[PDB]
Structure formats: structure tokens, C-alpha cells
Amino acid sequence: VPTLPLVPXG
Amino acid sequence: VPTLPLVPXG
Amino acid sequence: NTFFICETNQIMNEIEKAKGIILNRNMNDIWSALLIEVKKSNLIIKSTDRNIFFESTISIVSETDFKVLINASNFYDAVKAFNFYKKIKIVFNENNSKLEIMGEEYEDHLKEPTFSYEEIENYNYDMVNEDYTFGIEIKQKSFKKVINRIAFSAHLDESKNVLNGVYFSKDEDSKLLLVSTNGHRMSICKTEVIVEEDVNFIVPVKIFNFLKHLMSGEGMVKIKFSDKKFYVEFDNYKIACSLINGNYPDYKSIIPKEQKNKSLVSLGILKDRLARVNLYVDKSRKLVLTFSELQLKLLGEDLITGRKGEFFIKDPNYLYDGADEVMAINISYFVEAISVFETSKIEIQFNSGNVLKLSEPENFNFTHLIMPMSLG
Amino acid sequence: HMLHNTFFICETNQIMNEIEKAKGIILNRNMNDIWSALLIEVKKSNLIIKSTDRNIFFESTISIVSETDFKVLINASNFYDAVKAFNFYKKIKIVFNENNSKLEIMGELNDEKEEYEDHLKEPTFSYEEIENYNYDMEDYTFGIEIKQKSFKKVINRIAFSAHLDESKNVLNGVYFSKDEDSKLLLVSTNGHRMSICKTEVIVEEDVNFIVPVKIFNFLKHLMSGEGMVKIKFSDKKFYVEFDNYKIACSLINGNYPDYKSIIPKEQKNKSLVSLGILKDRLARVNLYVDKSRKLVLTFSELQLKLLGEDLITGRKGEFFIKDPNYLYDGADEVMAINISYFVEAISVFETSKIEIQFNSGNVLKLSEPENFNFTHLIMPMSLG
């Protein structure tokens with residue numbers, strides 16, 4: 001379950 | 001919480 | 001070549017009914033399953049909780065006979081999933097131990113795992129029984145009403161065998177009569193059915209809770225009793241369970257003979273006010289009633305906090321012939337009982353400090369008794 | 001305070017509705033808990049009802065008849081029950097008995113009372129407890145006024161995407177910003193799915209505020225959809241005012257993530273799907289998806305395939321959506337997606353069809369045809 005390409009975070 | 005007059009039982 | 005075609009909505013409804021007695025939650029447990037059998041152009045659906053045995057039949061199209069033991073909840077979900085097809089094709093693959101469902105390439109398709117055929121003998125039950133000594137017939141509409149008046153009064157604890165049962169008896173006029181109680185409240189409901197044979201049977205209430213969902217209300221119901229078993233058949237259903245071996249209490253002895261205080265109360269207003277005063281009754285369920293010539297008072301009070309709700313019912317919604325009386329009663333029992341009454345008014349009668357009798361004016365088949373709670 | 005002149009008369013149905021609304025933000029623990037109570041104030045011919053969860057502060061006003069001014073702190077659940085208990089009266093008279101810390105409630109009939117009338121007694125808090133509760137309704141940096149109907153639609157498209165854990169501070173907030181054209185913009189995400197709503201409102205000031213989502217869930221129950229709503233921001237607080245309501249809460253003091261960086265520019269694979277049929281099929285295939293919510297989607301030119309599969313058991317359901325309900329321009333693509341996210345997102349769409357676009361192995365983008373204000377993104381799950 002990958003996260004959105006959010007910086008930072010994922 | 002009295003029971004009904006049942007015999008036997010109450 | 002191991003398949004059948006059926007009407008989707010029909011098998012959905014019959015599976016929903018059959019699994020009503022299936023409460024297991026592991027998919028790997030055979031007691032969570034129901035058993036279907038294709039026999040020529042009929043589908044027979046069997047379910048059991050190991051006490052109640054249920055069987056239904058519907059018409060299908062098939063060519064070969066087979067049986068499948070399958071988790072009931074998953075099978076229901078499958079047929080629900082395909083409710084947009086008027087008809088479905090159900091294919092059994094023993095080579096994969098799977099039931100496959102399709103509309104009757106790249107088409108909607110379901111795959112449902114099944115139990116091994118070796119488990120079927122553990123589940124299967126045959127309803128063929130000549131051990132039944134006598135049977136009676138009652139109209140579905142009548143039986144549904146009787147069940148509605150009787151089931152809620154049975155004791156809720158199934159380990160208390162006798163009080164959890166519905167008692168089948170006959171009054172002095174030889175009419176079949178049903179009785180249920182939990183020790184504090186009791187329903188006595190006479191039928192219209194005249195029965196010549198002896199009647200003394202205790203049937204666990206659960207089958208009646210089950211039955212009221214199954215009965216369409218049109219047609220006849222056949223009931224049969226044996227020394228050990230109870231059996232009902234109606235429409236496309238057959239149901240059986242074991243009787244309770246015991247002695248039901250002497251209910252006749254507690255029926256009140258003549259009651260000094262009699263009240264006549266408008267039912268709709270009583271139900272409405274009970275729902276309001278219920279918001280002021282604590283976990284003990286203790287509702288305090290005061291009967292006077294001009295009014296009925298309903299009191300919900302919490303003595304610790306002082307929170308209190310008082311409601312009055314007066315003429316022309318209340319008539320009373322008796323002495324001034326204050327009594328306590330379990331509000332849940334009271335509401336439950338009056339919710340099955342269908343007359344405009346309800347009669348509430350009692351001798352001071354004794355059992356309350358609830359009945360319908362000009363109706364003598366049904367009596368409900370509720371023991372008051374201690375006032376102090 | 002005397003019984004004979006410490007009271008108010010109100011419309012039963014009206015105060016019932018306002019209590020139901022006010023207690024929406026009150027976690028009802030125990031009748032002795034002041035944070036389970038609401039504060040009602042009689043001020044001339046108005047009743048002021050206040051509630052708080054100690055972050056959101058709510059205030060509503062309704063017209064009443066009274067003679068003196070007073071305040072009462074009372075358990076919200078009991079007060080609501082009292083007014084429901086008396087819903088068969090058009091109007092009720094509520095008397096404050098300060099000598100006994102009780103509200104005495106009777107029907108406000110049109111003429112004489114008899115000896116025996118229906119009556120409720122509701123215990124109240126002491127006057128000393130009011131000081132512990134009360135809140136009085138800051139320099140505003142920016143404010144807008146918008147149609148209630150529009151704000152409700154935006155809330156409906158934004159609130160569900162925020163992270164649900166109030167302790168994950170930043171992602172639990174709704175982010176207010178401005179686009180390149182200085183248009184007010186709302187963003188919400190839980191890290192896996194995200195809503196972006198661009199408005200038409202032009203804001204000259206700087207906009208950089210994070211508002212906890214709870215107030216928006218609350219608001220969507222309060223707003224009628226008719227009339228205007230004023231929204232205001234300060235350095236530390238968010239404020240909303242409309243009809244007979246005033247509501248405020250604290251902002252989250254943090255840095256919202258760079259959402260702009262994850263917006264796909266151009267997506268190679270584009271599909272157009274009939275919404276009602278998509279909803280129906282997702283509800284059916286849902287019966288074959290496990291607790292992981294993993295739904296496997298296959299996009300091809302002729303069909304969209306929805307697959308719910310349990311690898312352990314072999315239980316599986318496959319559904320297809322085809323012409324005239326599905327159009328696709330792209331490569332053969334198989335991907336896994338959280339069915340709850342998918343269903344939740346499409347449930348806010350109002351068009352006949354929905355656009356679903358993606359680059360292979362990248363974020364799925366959901367939008368309405370001809371709507372360039374709303375974007376919803378869902379990160380795929382690892383296929384395996």
C-alpha cells in the first residue's frame with residue numbers, strides 16, 4: 001500500500 | 001421483582 | 001453437466017429464509033453451511049442449527065442430480081451479487097470443490113468454495129417421519145397472530161428449558177391453546193382450532209421466532225406432534241425440532257378469577273405516553289402507575305438525581321372502576337405486551353397488589369398477565 | 001432568581017432541532033460531566049444555545065418569550081430527551097428552579113392549567129459551573145461570503161478525504177490556499193487519496209490555513225443550502241457565520257504538504273464510465289473483496305474488469321462494464337485500488353459519467369466532464 005508522491009510523507 | 005403465582009416456581 | 005438454472009430472486013429469498021437459523025461465523029465450519037440438493041427439476045434447500053431442521057423446495061431446470069454443502073452467508077452473497085440477472089446458471093465443479101455462478105467470453109462470473117462431499121452425511125437430515133402420532137391444521141393468518149401474541153413472553157434463556165418453551169394445551173372447551181411465560185409475564189392464547197386428542201407439549205420458542213418470518217399469511221399450516229418431536233409444514237416449507245421433555249408450570253392456577261379494579265384505556269395514547277415516560281425510567285425499568293377514577297398517572301423517577309417525568313391520561317382516553325391504586329411495573333414488559341394489541345382500547349384489570357391482566361374488549365382468546373414490581 | 005419570573009416559552013419543535021444540532025459536537029459521557037452539557041442563555045426575547053468540544057465553539061439563537069435574563073448549564077442528552085418527551089406540545093414553558101438546580105418543564109397551553117398536568121424535572125449544574133464552561137463570541141486577516149449551497153458542495157467533496165485520526169494533525173485538516181490565479185482553493189488528503197476543489201472566489205490576501213475537518217462535518221449538517229455564509233480566518237482561528245449560527249475553532253499550526261507536486265500533468269490512459277452502473281457493480285464486487293479492500297481493476301478498450309478475489313480460499317467475483325457504459329483510450333492496464341476509497345469518492349459525483357485517467361503505475365485521477373474545479377486522486381495499491 002504505497003502512498004501518494006507527497007513531500008514529505010509518501 | 002416478585003414472580004407470578006406459579007406452582008412450582010414463583 | 002452438473003448444473004442447474006433457477007430464478008435469481010426466488011433462490012435469493014429462499015436462501016435468506018433458510019439461513020435465518022445459521023449463526024456460525026467461521027466459513028470453515030460445516031455448521032455455518034446450508035445443504036442444497038438438485039433432484040430432477042426441484043431444488044431442495046436444507047438448513048439446521050442441530051435442533052431446528054428446515055427444508056424448502058423450489059422449481060429449477062437441471063439434467064443431473066447432485067448435492068452441495070456450502071457456507072450459507074457466502075452463497076447468499078453470491079446470489080445477491082447477481083440479482084441483476086433474472087435467471088442464473090449454477091455449476092458445481094467437484095474437481096475444484098467450487099460452485100460457479102453465471103448469467104443464463106468475458107462475462108460476469110462468481111466462484112464459491114464448497115465443503116467436501118464427505119461432510120454432507122454429517123449435516124444431512126431426512127424429514128421423512130411417521131413417528132408423528134397426530135396433526136392439526138390452522139390458517140396461516142391465525143397462526144401468525146397467535147405466534148405474535150405468544151413468542152415474546154417465553155423466557156429468553158434457552159438453558160431454562162421449560163420456561164423458554166411454548167406450551168401447547170387444550171382448555172375445558174377442547175380448543176387448542178398456547179401459553180408462554182418467563183415467570184414475570186405470561187401470554188395465554190386460545191385458537192379457533194378444535195382438537196380431539198390429548199395435547200401436552202413444550203416447544204422451544206426459537207422455532208416460532210423463525211416461523212413468523214416464513215409464513216406468507218395465505219393458506220393452511222399443518223402441525224404434527226410426536227412424543228419427542230414437533231413438525232410444521234406449509235407452502236413449500238417443512239420444519240421440525242425436538243420437544244422439551246418436562247412439566248410446564250400449572251398456568252391455570254394463576255389465572256385471576258374476579259378482579260376488583262377495571263380500567264379501559266385508549267391504546268394509541270397509552271403507547272405514545274409510555275414511549276415518552278420511558279425517557280425517565282432507569283435501568284431497573286421501574287415505572288410507577290397510579291390509577292384513579294379520573295386519570296391514570298405514569299411516573300418515571302430517578303430518586304438519586306431528582307430527574308422526573310410525569311404524564312397523565314384522562315377522560316375520554318381512560319375509564320376506571322376501582323379503588324385508588326399505585327403500583328410499579330416493568331415498563332419493557334408493559335410496552336412489549338401492548339404492542340401486540342390491535343383493538344382501539346385495552347382493558348387493564350387487577351386486584352390490589354396482584355397480577356395485572358391485559359385483554360382486548362370483546363376478545364376472549366388472548367390474555368396477558370404481568371406481575372407488578374415491588375413498589376418500595 | 002424566582003420561579004414565577006425565571007423562565008422562557010419557546011416553540012418545542014424549534015428548540016428540539018437546535019438542541020439536536022448543538023449537541024452534535026458533544027461527546028456525551030456522563031450526566032455529571034460539564035463537557036457533556038450545553039449552556040443556554042435567556043437574553044430578552046432571545047435564547048442563546050452554546051456547546052463546545054473545547055476546540056469547536058458553537059452558538060445558535062432563537063426567539064422566545066421571557067421576563068428575566070438567566071443562564072443554565074444542563075446535560076445535553078437529558079435536555080434533548082425532555083424536549084422530545086414533550087414534542088406533542090406546540091410550545092413549552094421552561095422554568096429554572098435555581099433553589100433546586102432543576103429545570104421544570106410544562107406544556108405552554110393556551111389557557112388554564114388543571115391540578116394534574118404533564119411535568120418534567122431536569123437537574124442542572126450549579127451556577128459556579130457556568131464559569132468553567134462559558135465562551136464569549138480576534139483580528140481577522142481574511143474573510144469571504146459565499147452561497148451556502150456552494151459551500152455545502154465543496155464540503156461534500158473535501159471532508160471525506162481528510163485523514164480521520166485527529167492526532168495526525170496536519171492531514172486531519174482541510175488546507176485553504178490560493179491558486180496561480182489567486183482563486184481560493186481547498187485540498188484534503190489522508191496520504192492515499194486526495195480531493196482538490198478550486199473555487200471562483202478571488203482573494204487578494206495570503207491564504208495558508210489548516211482547519212480540522214471535524215467542523216466541516218458539523219457544518220454540512222447545519223447549513224440549509226439557502227442564503228449566504230460568511231467565513232473568516234485569523235492567525236489562530238477559523239470562524240463561520242450564517243443564519244442564526246456562529247461557529248469557531250482553532251487552526252492547526254503546521255506546514256501542509258506540497259500537494260501541487262503530485263498533481264499529474266498529462267495522463268496517457270483515459271476512461272469514461274457511466275456512474276450509476278459503476279456504483280452498482282462496485283457494490284456487487286464488494287461482496288468479494290476482503291478486509292484489505294484490494295479491488296483489482298483491468299482497463300481494456302472493450303471493457304473494464306472488476307475482480308474481487310480471496311487468494312487463500314479461491315472465492316472470487318468478476319464483473320465487466322462495457323459499451324455504452326464504458327469508453328477507454330489507452331494500453332492494457334491492471335491495477336489494484338482500495339474499493340472503499342473508490343466507492344467513497346464516486347459517491348460525491350453528480351454527473352452522468354465519470355472520467356478516470358492515469359499514467360501506468362501512477363495515481364488514478366477522478367473527475368467530472370466539463371468540471372475543472374474538482375479533482376480526486378487515489379494512489380493504487382501494490383498489485384503483487
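Chain naming here is simple, since letters A, B, ... match the order of the sequence lines and numbering starts at 1 in each.
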Heavy-atom neighbours of [X] [atom1] exceed 12 at 6.0 Å:
X: D:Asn30; atom1: CG; value: yes
X: C:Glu16; atom1: CD; value: yes
X: C:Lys17; atom1: NZ; value: yes
X: D:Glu301; atom1: CD; value: no

Hey, could you give me the [atom1]/[atom2] distance between [X] and [Y], rounded to the nearest 0.5 Å?
X: C:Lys111; Y: D:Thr313; atom1: NZ; atom2: OG1; result: 11.5 Å
X: D:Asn87; Y: C:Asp272; atom1: CG; atom2: CG; result: 7.5 Å
X: D:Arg315; Y: C:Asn71; atom1: CZ; atom2: CG; result: 8.0 Å
X: C:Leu299; Y: D:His119; atom1: CG; atom2: NE2; result: 11.5 Å
X: C:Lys80; Y: D:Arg284; atom1: NZ; atom2: CZ; result: 9.0 Å
X: C:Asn74; Y: D:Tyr288; atom1: CG; atom2: OH; result: 7.5 Å

inquiry  = Do C:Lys308 and D:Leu120 have side chains that approach each other closer than 4.5 Å (heavy atoms only, starting at C-beta)?
reply    =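 With C-beta onward as the side chain, the pair stays apart.
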remark   = Here the pair of heavy atoms bringing D:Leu287 nearest to C:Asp77 is CD1-O, 3.6 Å
query = What is the minimum heavy-atom distance between D:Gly314 and C:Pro113, and which atoms define it?
reply =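 Between these two residues, the closest heavy atoms are C-CD, 4.5 Å.
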task = Could you tell me whether C:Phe82 and D:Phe319 have their ring centroids closer than 6.0 angstrom?
result =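 That pair passes the under 6.0 Å test.
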ask   = In terms of heavy-atom proximity below 4.5 Å to chain D, should C:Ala275 be classed as side chain, backbone, both, or neither?
value =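 Neither part.
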query = Do the charged groups of D:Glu114 and C:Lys314 touch, with an N to O distance under 4.0 Å?
reply =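 C:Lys314 and D:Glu114: salt-bridged.
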request  = Give the ring-plane orientation class for D:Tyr116 versus C:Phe312, where under 30° counts as parallel, over 60° as perpendicular and anything between as tilted.
outcome  =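 Because their plane-to-plane angle lies in the 30° to 60° range, the rings of D:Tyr116 and C:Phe312 count as tilted.
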